[PDB]
Every structure is written in structure tokens, then in C-alpha cells.
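Just below is one structure, and these are the notes that go with it.
Per-chain numbering from 1; labels A, B, C, D and E assigned in written order.
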Amino acid sequence: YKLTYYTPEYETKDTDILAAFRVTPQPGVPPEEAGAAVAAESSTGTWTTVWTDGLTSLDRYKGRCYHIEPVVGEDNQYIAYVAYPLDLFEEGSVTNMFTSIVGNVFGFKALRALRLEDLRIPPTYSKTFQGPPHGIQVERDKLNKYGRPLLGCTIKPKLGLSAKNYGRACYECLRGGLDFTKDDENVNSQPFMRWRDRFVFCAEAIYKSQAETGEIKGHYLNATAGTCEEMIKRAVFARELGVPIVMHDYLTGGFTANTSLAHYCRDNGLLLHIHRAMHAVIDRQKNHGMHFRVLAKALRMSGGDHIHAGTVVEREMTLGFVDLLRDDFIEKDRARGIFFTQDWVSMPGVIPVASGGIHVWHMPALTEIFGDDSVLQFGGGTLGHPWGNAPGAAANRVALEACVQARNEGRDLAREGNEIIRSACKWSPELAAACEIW
Amino acid sequence: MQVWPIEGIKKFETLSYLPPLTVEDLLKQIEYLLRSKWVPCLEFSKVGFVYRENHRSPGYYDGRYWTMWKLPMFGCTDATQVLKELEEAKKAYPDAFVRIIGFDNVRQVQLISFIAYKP
Amino acid sequence: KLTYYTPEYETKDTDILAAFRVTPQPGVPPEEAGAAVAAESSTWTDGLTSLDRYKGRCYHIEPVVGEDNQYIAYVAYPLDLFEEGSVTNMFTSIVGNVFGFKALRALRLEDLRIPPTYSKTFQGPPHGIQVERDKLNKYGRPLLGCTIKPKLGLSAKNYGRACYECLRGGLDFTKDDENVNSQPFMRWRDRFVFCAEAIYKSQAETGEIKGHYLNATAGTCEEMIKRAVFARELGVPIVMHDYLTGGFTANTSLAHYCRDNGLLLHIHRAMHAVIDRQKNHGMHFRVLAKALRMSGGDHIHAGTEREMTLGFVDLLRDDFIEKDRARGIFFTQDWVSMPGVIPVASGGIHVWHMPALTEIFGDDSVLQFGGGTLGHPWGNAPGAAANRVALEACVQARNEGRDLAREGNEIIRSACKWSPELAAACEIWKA
Amino acid sequence: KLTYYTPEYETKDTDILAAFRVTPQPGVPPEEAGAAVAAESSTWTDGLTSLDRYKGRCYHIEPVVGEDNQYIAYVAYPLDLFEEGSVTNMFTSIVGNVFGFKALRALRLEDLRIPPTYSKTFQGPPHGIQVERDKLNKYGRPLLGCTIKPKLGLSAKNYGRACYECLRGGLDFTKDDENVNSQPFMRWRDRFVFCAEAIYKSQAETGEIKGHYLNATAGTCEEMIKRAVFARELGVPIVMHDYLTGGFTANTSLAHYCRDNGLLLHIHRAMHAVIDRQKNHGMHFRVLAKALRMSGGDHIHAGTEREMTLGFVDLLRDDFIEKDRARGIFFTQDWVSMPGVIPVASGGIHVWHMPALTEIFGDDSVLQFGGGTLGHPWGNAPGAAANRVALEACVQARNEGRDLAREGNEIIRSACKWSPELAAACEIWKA
Amino acid sequence: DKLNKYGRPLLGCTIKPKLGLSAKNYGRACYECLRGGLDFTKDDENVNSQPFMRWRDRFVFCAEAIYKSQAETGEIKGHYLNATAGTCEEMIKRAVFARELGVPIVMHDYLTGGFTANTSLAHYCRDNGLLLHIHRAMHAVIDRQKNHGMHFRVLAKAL
């Protein structure tokens, strides 16, 4: 009923897991019934009475809709706030958190559409999670890299390259100034290139580029696989090769597998780059699904050192979950999609990874928008350079460092960006060539 | 409120929660097999239920197999012939359970089993 | 149109085919939208290979009748793009990127043609419909299950107490709720112990093989396998996994363990409606169902509009399924002898729905009665007996040639005359 | 006063709080002594971090009424100082250094506020009170145990012989003395074998589940786990550890093993009085008791002044314990559903103490009768029967509404009329 | 001595059809064969693990048939459970489960499996008390023609 599950005078406990749903009720369903239904069908709802309820105190196990209000978003949409008791969730299990909250309610007939927008993860629950294998600061210390965004490149063509030609592209990108190169999310082990061959040639490229430049280099070696045994086998060989970073598609691989890999990476000193493949199946539409900030919080709990975070070329929403991924304490700010004040009680942060159509002219905006604690990934922005991968990497490293220098001097990146880039073009023929084509 | 019995109502899977089948109701079940182009076969045992004597690993049970009465009645079109064999088995083994099973050559499995006689 | 719209391309027998429901942005022609779906879900370094060998290509586009600005785009992916035996990589390759493309206002993957060449690299179900029936010695009717309620709040012992009464009344299975993994006040090993005692007490009492879906869903693969290992030691017949929230990499690992150790694997589809509910965006459940059959499971929850359900039920159970747009089957699907998965019906059903469920699903199904068993006024054993009686009364009537669609209520009322358990059930729940 | 005396600091819900009984040296003001307790138990390189984030701070000081130069100093430790799931590190951080500070003449840690955020990183008891009762099918009375005497000197067989007679007379448990590990003339595996035979012979004879606290305390963790492994193979329900002399690192390892393998863990507090006896210096037992509940155990010896015992009994058993200085509870303790530990009463008790023990401790307790069983003139089985009869006579009378505090002796005398075993017990031991 | 059988040839029967039966119907045939007086039933040399009858399912039902027929007749029964596999790991995995089931005999196609695998399996059966039934599948490729190949007596000494 309503007053069992719609409890608008409920005061949330500091141990509650809070959820903010964007609910679109069916026509004729009043908001208080939709709100009670979201809480009931995501906890203790039953269509008929059962005698076993007399063996316990169910009110201690129900979810409660303690607030619902219309949103200015589209037809007949509301935000329903739900509180879930701490005892419902298995410790250290993102899998059980998702199952418990989003496992059933999205299919209820009286709800025409439903989207989970945010979760308040209390310290009593988040402390049962390891979190990132290392996190932002440990990664900077391990790589000896400070004071600028990190730089990466996605190797293309995505599929069709031999393992050796893959590693050849990686070496040329790394030697030009990029910190990382990247296995495509689709690149696991395939007839055109088997994973162990790729790991071998990519390791040779990492170490050749590192010896030539004197800076620590990496390549996200994708350990995503069809079974947890294959996944760990690929991480084990990366450990043997002694490389700094591996990679996992956490949504398609799954949280149970991802949490196991994060535990391995912590146990063996490997950084974990996380790709969000298939996220748009879930997080694209405003009316139904789960916003990416929910999937971003879940990755930080399950474990990852990087996570892909999209582009800026909507910005304030992106800045919202960047803060949720990086910071220790994030104040409530619904204008940026932050529906709950989030305290991570010293769980390490995740480096967001910007990627999508980014080239050299975007470097001022990216450095200003994300700050130093990010990775800027280039696709054709490096490989499409007319002089090749190493000059393309040099153009991106030069463009970035000219932005960092100007920002450090107190200059305004959002307004002086084009002139900062043009000025750097004067002493970098590599950067000039990139700016002539883009 | 009535209490479900704890003894005297041990079961034999499909149709064993129905009242004891009459001869006409038994014929209708046999005809269902013949209409469906399935092969009826009789099975008998002095032990009615499953046990775990030789192993307890997942999916292992003893007492699932009973003993075949003669052979599957391939090409049977007369349901009363199945009854005649049922009565023969009751005469030879009056203290044995007898169930009627069915085989399908198409999906290549046994797909029917229901109790026909209890001693 | 581009190098990705190839409207006369002849699909290869090794191609993975996809049917997308595409809603282009204003001013994006369907030909352009279809080429983008093929490109954004596939493809100087390009001179070091042949891109046309690795591109997805949209070989056909058609409108959705009755919906404006909706089209079905058919895309062919070469076999070489996919890692053998990895549903994780198949999903990554096909749905990993294209749903975020700005030129597509909405996108829903409706179907997937899994070629026999690819499906033969997957173990598939640990056992499947026919093996499961032989292992459990159960033939000629739907199986019966019951999720223990309340979900959480019961002690492990009181939980197993409910299981015993349910099973002894005629149910084949009881069930851990998808949320029930290991929690404060009911840790998993304690639940496994008491549920094991309930399984074997009810089996010894009735003479029929009993089981309980012991949920092995966990936060890590190590914990997941640890829970399946103890179920193996206890000798029980079936365990359970939430394959979408656990994930495909973990589910395939658990499916391999169950094959190696003789365990049936009950699969719950928790969180599916996050993905498959809206007609305009996501992935239809039939895609998630084919993925589960490939990744591995012996049961899968299938819900309780009816033509779409019958469509993916056939895709889950049958060996060869011919194309049928009326039932949402966009592709002819040949499973080349990969076993089928038993669909599990659930959702507020009770004794009066037994004729409809028996006729709609047939024998090769599990009918789950949570509140329909625990809500019986006389308790779990009479509630199970009511459900078992109603089912066998329906099976008997169907086998006799009767029409469960028009005689179902009469068949249930007739069984009320001799089963006081069913009569009491039929009094609280109405036709 | 210093940067460590912050008398208006508001404790955080994640802080670990400590209540120290501080006795400053002559000429040390309590404000200065309290700041020293916070500093000495916490904090150019200082410019590379923020020390105020990692300092303990004394946020409150009060005098001890009735004792001169005694004060209670309350200190708050940030959550980040402690390793998750490690009682070893919690003790190291809080009591590792400050008790040796020269400005403090004496120091006693009285209590610890374990915040739910920290306690949720601990497995806690392998099972706890409610799981244990369900596993053993025992309800509605205190459990009964008996330590085998003599400690050492019996053969392994004669040792188990004593166990069988004790258990068959009505006791739930027999017990390895805390000193009994493995020794010349009774090696541990021989004892485990004969005690196992005694467990199952007495269980088959009486029909009630029996156990023996098989002591796994060892010189190394390898030996300790080896002994728990054989108990697991024998299928027995309970093992035992001396958690203070074995140590917390070993106890937490054994607690994890018992959770993974379904073993109850009986915890003996040997050497506690080295630490907790003197009012002016050491650590109160309630601190050692909270530590055991976090590290892991299903029973813990609690002794047999009564208000202080009731205080930490509640801290061991209950979910939420409100502050109560009258009973030594300095902090409100919220265990957020961590299971409780059964307190074990011991110390020269016999049949005449059954009314007092039943009323004081309640059902959720183990009453240990060593000499109270082995000292019966008719042997162990009549001595066990005398104890079991006296207990159930008390339970029956309490359930009937009678006042065990004023009718206890009458209740025991009344049971003497029909139980010759109890009458003989009551003749040698007096009221 | 292990089987307590003396003074006559032993009797076996290969289950037919080779392939096409369910694992349960396969074991059903085994039980009826063994209860009538045969000492052994037999996996065909082709029967390893295949679609519609996976090996572990066959091992389970054949084990039930072995022990039901043995309890009924009083004589020790067995079934040549074929452990022939594509890899030595799979081969040993199948012998291991037969060991767990406690059955007396397994089977190998020594020429198509190969001598390196056969010697490995023979060592496992010695270590674990299993009888090893050997089928000579593909021998006629080698030993049929009088002018070329290797006579079967050479392949027999090798086995």
C-alpha cells in the first residue's frame, strides 16, 4: 500500500543506501502510488499476504519512498527518493547492490518508464569495498608523472592489425610523447591477433619507447575474456612481463569478474584501465535506464584506476560524475546531476579518461575543464597526423604542455586557447602540421 | 485447516497427485501417447522411490531406473493392448509397482512416466 | 549511404547478423543512419590491412510500419571480429559503442543471427532440457517452483523450514530470491546447510527428487565458485546465478563449473528491464536470452505480447527456429544441437492461471509460485499440494484432448471437488 | 592543554572513540595528561601532510568520583588510522605506546566506541548466538558444559571416556582445558579421535546434539589450522581457541576458517587477568570482549561487580547498547547486525548456583561445570543429570513466573524430591 | 581376482545405436544387458563426448545401471567407460570421475588416442585400481594388407 511504502516523513539514516529514481507513471497512476510502487517493487512488495512475514519484522527490510516531486523533464516525470536499509546488501558486492535496487522494479506495469539517476553509498557500505587498485595519487607516484593531464592514443584500425603491426604503432605513438596507448575494447583475442602475441609485441614497444625517451610508458593490455579463468590468465602474463597497466570492459565483462580483476591488480601492482563499453545501451535515454554516474560510482567501488568518461566537444553533468569519480567529498548539486552528498571516506579516486573526436585545438578546453587529473585520449588526433604517429604524439604533448604552462602563469584557457596553440605552433613544426589539417 | 499427510502418500511424479485412475481414465492417457506418435512401455519395481546408496554427487540417484516389462510397444495403435500387458504384469508381479512410460523417436528421449498400479 | 551501406551484400553462413531498430535524428536519412550503425559498431595504419574484411555492413533497411521515423537496419559482422566462446566480446563488439552515436536518436538491438560456426565455440547449457528431465526423473508436466518470501528477514533455519514444507507438498523446487546471496542475519553457508536438510527430508518423505536454487551470485568470481563448491559437496542438484548483474564472464565460468560437476544452473534475469523494456531503445530480451543459452544455463526466467514471449521461448528451447516477424524472430536461428533452456514463468500467478500457463508454455517449463504457495491459508505444504493438483488436473485434461483455453476454469472447479487444498486456494484467489 | 586537547571537538560517526582512566604523575594537570594520551597514542616531513587529520584528540576530560587523581580521558581517532578487519592494528594504534608515557603514572583503557563503518570491515563471529542455536536445535535454556579434569595426566582414551559419560548425562558440551593443546602422553590427534567417538556415542544414546570444544590453540598458525582441519574431517560441531595467548592475527585466521567450514568457535580468555584485573592500569575486559566479537568467536568465557559483568554481556550479545556508566558502558555501541557471542560462565559453580546463573545471564549463555560434574559422588553421567535437572527446574520455574532470586533454593529442594541425582549433588555442595 | 570371475570367458555388449540415444536411454540399455547375465557393457569406440550425449551424463547413468544390475544379480558388473579424448587433460578428467564413481573399468582407443596418451592413462589406472579396456580402432588402416604396414601382432605387443 501507500503508507507502508510511501513514508514522506521518514528521516534517512546514515547507514541507508539512498536512490533517486526518475519515474514516469502510467496515466491515472498518482505520484504517491508510483513512489510507493518504486520502493515496494524494489524491496518487500508482495501481491498476496504470506504467513512467513509473521516470523520477522518486515518494516526493518522494506525500502521507503520518503519524497517524490515533479521534474521539469518531459511529460509526467517525477523524482522519487528511496531509502534502502544497510542489511539488504552483501558486503563488497556491486553485483548484489545492482540486483537489490534495479533488479526488478524497472519492469513494473504501473511505471511507464524508470531511470535510476543517483545513489547515496554510505560509508558503512563503501568501506566493505577495496575500490580502485591504486587510485589517482598512487598512479602518479608510480609513474612519476605530475602536473599535467596524461596522454593516450587508441590504436587503429580497431581490428585487422597483426600483433606485431599493433605493437609497431604503439611504439611510434609512445616514443613521440604519449604516456599510454590503448587496446580497443573489442580487442581481446581473435583470429587476426591472439592475445598472447599482442602482449609480447606490445611489451617490446613499451620498453623500447621507455628506453628511448626516459619516461615511463604503458599500454592498456585488454584482459577482457569470456571466462574469469581466461581473464586472470591474461593478467598473469602481463604481471610476468612486468608492464604497468591492464584493461577491462567492466560492463560487458561484468561486476563479478571486474571485482576479481581489481583484487588481482591490487595484489600484483597493476594499474587497471576501465572501458565503459555498452554503457549507452543503458544511460542514453532521459526517461529509462541508469545514468552513467551510477555506473561510475559502481566502477569506483568494484575497482578501477582509469575509467572512460566521454567527451565535452553535457558538460556540467560530465563535471558532476568526474567529481564523484575523483573527489573524497562531493556536495549535493542537482544542477550537475548530484542528487546526494557523497562521502567516500578516503577510498581512492579514479582518473577520468576523455575520448571522442578530440584533437589539438581542443587541448585548452580539456585542460581547463578537467584539470590535471585526467587522461586525454586521441584517436585520429594522433594517427591522423600527416607525418605519422610519433610526430602526432609530439604535437599532442607539445599542445598539452603549452596549455599547462599558460594556465600555470595565470592565463585564461577558455578565452586565450587558440592563441596559446598558435603561439606554440611557432616553435613546434609537429604541432603546426597538425593545426594545418585540423 | 487441514494438515498435509506425512506418510502413506508417497508419489510417482506426473499424475500421482490425482485420485487413483480408473480404467477409462487410464485408457485416455494411453491414447494420448498413441495420438502423439509416442511409444508406450511398461516398467516395474518392488522399490517405489529414489535412494542414494552408491553415490551422492550432484545429479546421481539410485532408484530412478525401474525394470522394463518386455519391450516398448512399437507400432501400437490399440490402447487396450497396453492394458492387457498391464494386467499381465500385475499377475506376474502383484507386489511390484507398475508405471507406464513413453519414448519419442523424434526428440530421441523418454518423455512420459505415470504410475499405473500400486501393490 | 557510404562504404557501410551495401544493400545487395549476400550474408555469409559465418556472419553474425544483427537487426537494429534505428530512430535517426531529424534530418538523418535512414540510409545514412543504417550505414552509421554498421560503421560505429565496427570500423595511415589502414593501409596495412583490408578494412572491407573487418567492417560491419548494413545490407538491408526497412521501415517499421505503424511507427514514424523507425527503421530496422540489418548489419552483417564478419566471423573474425569475435573471440570464440565469449558472449562478453560479442556484446562488446556489437553493442559496445553504437548506442551513443549522436546521429541516432534511439537504438534498440532486436535480434542476432548466431551462426552455427560461432555457436559451436560455446559449451552452452550445462545440461539442458532433456538431460535435466532425465537426471530428475520428471516427465510430462511443467515443473513447479517457489521463491521463499520474505526475501530477507528470515533466519537461515526458518528459511529452510519454509523450503521443506513447500517441497513436501508437491513442488519440485524452492528458490533463493535473486537478491538473496549472503547478507547479515542469513549468511550463505548457513542457508545452504538448512536448505540441504530441507531438500533431503522432503525427498525422503515424498519419494520424488527435490531441489533448491541455491544462489551463487557473488561479488567476486572466487566467492561465486566457493558457493558452487559447497553445493557440490552437499550433493544437491541445482544452483542459481543472476547472469546480468553477475556478468557474462562470471556466468560462463560458473556454467563451466556446473558442467564439470553435474549441477543444474537456474538463471535469473535480474535487471533485464533496465535494458529491454522500452520499444525504442535498449536490447530486446530475446537477445539477452540467446546470449544466456550460449553463455550457459539450464533454466532462465521468462516472465508471464504473448506472441513475442512464444517467440523467444522457441529461441530458448528449440533446435531450429524459422524467421517469424509476427513473433519477433527476425532471423532463422540454427542451434546445431546446442541443448535448450527451460523457461521459468513467474509474476503473481496462482492456481487459476494453471490452464493458461500449461497451454501457453507446454510441459518444458518451470512455473514459479511464490505468494501462490506461501499465501495459502493452510501453509506451504497445502499450498504446494493445491498448485501440484491444479497442474496435474490441467495436464490430465489436456492429455485427454480437452481445450484448456475454454475449459480451464471448469477443470479447476472440478478438481476443487476432491482436493480441499485446491478448494481453499481457489477461495482466496479468484478466476 | 596542547593541539591535542580539543574540548569542543564533535566526534564523527566514523571516529573510533576511547575512554582512558588516566592517573597523572604528581604535578601533571589532567588537561595536560589528557592531551598526552591523545598525542602519545597517535602523533620537516610534517609539512608534506596535514597532521590534524591524523591526530588523536582528547575531546573530553572528567574526574573519577571517589578516586583522587583519577580522570577519564575521551579520545577520538580518525577512521583512516586503522587497517580494515585487523584487531591487531586497532590495538597497536590505540594501546601500542601510550601506557609507557612517563607523565602518566597509570593508564587503563576502559572502553572503545567501534563505529559501524569500522566494524563492517570485520567478519565477526563465525556464526553467533542465533545461528548456533539453530544449528544445534537447542532453545529456551542456557547450554551446559564441563571442562575435563584433570587438565593433564589422563590418557587420550580415558579423557574421551570422561567426555562420553558427561555428555550422556545431559550436558551439551565437554571442554578441553585452555592448557590442553598437544602434550606428552596426550597428543592432540589422539584426543580428537577419542573425543569424537564420545561425541557420537553420547549423541546416538540421548538423541540430542553433542559437542566438545576441541582446542586448536597451537604454537604456529600452520599447526592451529591443521587441528581445525581434522575436526572438520571428523564432522564435529565446535572447536576452541585461546585468543589472547594465541593472538589476534591467529584468532582472526581461525575464525575465517570456521566460517568457511561451519565450525562453532569456543573462545577462552586465558591470561586476561594479566591485563584487566587492576582498576588503575591495563585494559578492561569489555575492551577485550569487543575485540573478540570483531576478531571472531561463537562463545567467550565471561567469568561468574555484577553490574559490570551485565554491562559487557550486553556488549557481547546485543545489537545496540546504549551508554550506561553505572554498568561501565562508556559509549553507545551499534553493532549494525554483527552477530552476538554466547558468554560462558565458569568458576567453581554447582547446582545451588543454577537459580542465580539462570536469572542473571538468561538463556543465551553456557554454564560450565567442571568439578560440579566430575565431583558428583556417582560419576559423570549422574553429575551431568543433576546439573541438567537443576537447570530445567529453574527454567520451568522462571517460565511459570516464579522469582528465582527469592525462590531459587526452594526450587532446587523441590527438584531433589524426584531426582536422586540432584539430591546427591545437593548433599555434598551446600546452599 | 578383482572381479571374482573364474572358469569361463567374460561377456560384453556394445550399446547400439552408437550415437542417437540419450545418456539416460543409453544407461537404460546397459542395465537390462547387465542384469541378464553379461559381465560388461561397452561404449563404442566412437562414443567419447558428443552433442546430445555428453560424457559426464553418460558416466552418471551408466554408473546407476552398473550398480542396479549388480545389486539385482549379485555378480560384479562393469561398463567400459570410454575416456578417449582430444587432449590428455580431458582424457584424465574422464578417468578421474570414473574413479570417483567407484566403477571397475574404463576404456581407451589406443591407436587413435596415441601411445603417449595411452601410457599416461595406463599409469593412472594402475595408480587408481581401474581396469583398462583397449579398443584397436583404425588398426586395419595399418595391418590389413599383407604387403605393406605393420601386422597386428606388432600393435598388440606394443599395447
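As a working rule, contacts are C-beta pairs under 8 Å (C-beta built on N, C-alpha and C of every residue); 3 or more make two chains touch, one makes a residue touch a chain.
Peer 1: Could you work out which chain's C-alpha centre is the most distant one from the centre of chain A?
Peer 2: Greatest centre separation from chain A goes to chain B.
Peer 1: Fitting the CA atoms of chain C to chain D, what rotation angle results, rounded to the nearest 5 degrees?
Peer 2: With C-alpha atoms aligned, the rotation comes to 90 degrees.
Peer 1: When I count C-beta pairs in contact, which pair ends up with more: B-C or A-C?
Peer 2: Between B-C and A-C, the larger count of C-beta pairs in contact belongs to A-C.
Peer 1: Of all the chains shown, whose C-alpha centre falls nearest the centre of every protein C-alpha atom combined?
Peer 2: That would be C.
Peer 1: Measure off the straight-line distance from the CA centroid of chain C to the CA centroid of chain D, and report it in whole Å.
Peer 2: Chain centroid spacing, chain C to chain D, equals 49 Å.
Peer 1: CA centre of chain A versus CA centre of chain B: separation in Å?
Peer 2: Their C-alpha centroids are separated by 59 Å.
Peer 1: Roughly how far is chain A from chain C, going centre to centre by Cα mean, in whole Å?
Peer 2: Centre-to-centre distance between chain A and chain C: 29 Å.
Peer 1: Using CA atom averages as chain centres, what separation in Å is found between chain A and chain D?
Peer 2: Measuring from centre to centre gives 46 Å for this pair.
Peer 1: In chain E, which residues are in touch with two or more of the other chains?
Peer 2: Where chain E meets two or more other chains at a single residue, that happens at 22, 24, 52, 60.
Peer 1: Tell me, which residues of chain B touch at least two other chains?
Peer 2: Answer for chain B, listing residues that touch two or more other chains: 57, 59-61, 64, 109-110.
Peer 1: Just spell out which pairs of chains touch, all of them.
Peer 2: A-C, A-D, B-C, B-E, C-D, C-E
Peer 1: List the residues on chain C that touch chain E in their complex, please.
Peer 2: 127, 130-131, 134-135, 259-260, 262, 336-338
Peer 1: Can you list the chain C residues touching chain D in their complex?
Peer 2: Going through chain C, the ones touching chain D are 155-157, 184-185, 187, 189-190, 193-194, 226.
Peer 1: Chain A touches which residues of chain C in the complex?
Peer 2: Listed in rising order, the residues are 42-46, 48-51, 53-54, 79-89, 91-93, 95-100, 106-107, 109, 148-154, 158, 162, 178-179, 181-185, 217-222, 224, 242, 245-253, 256, 270-275, 277-278, 280-283, 303, 348, 350, 370-372, 374-375, 379, 428-429.
Peer 1: Looking at the complex, which residues from chain A come into contact with chain D?
Peer 2: Going by the criterion above, the answer is residues 14-15, 86-87, 91, 123-125, 127-128, 345-346.
Peer 1: Could you please specify the touching residues of chain B with respect to chain C in the complex?
Peer 2: 1-4, 6-7, 10-19, 25, 28-29, 32, 35, 48-50, 52, 56-61, 64, 101-102, 107, 109-114
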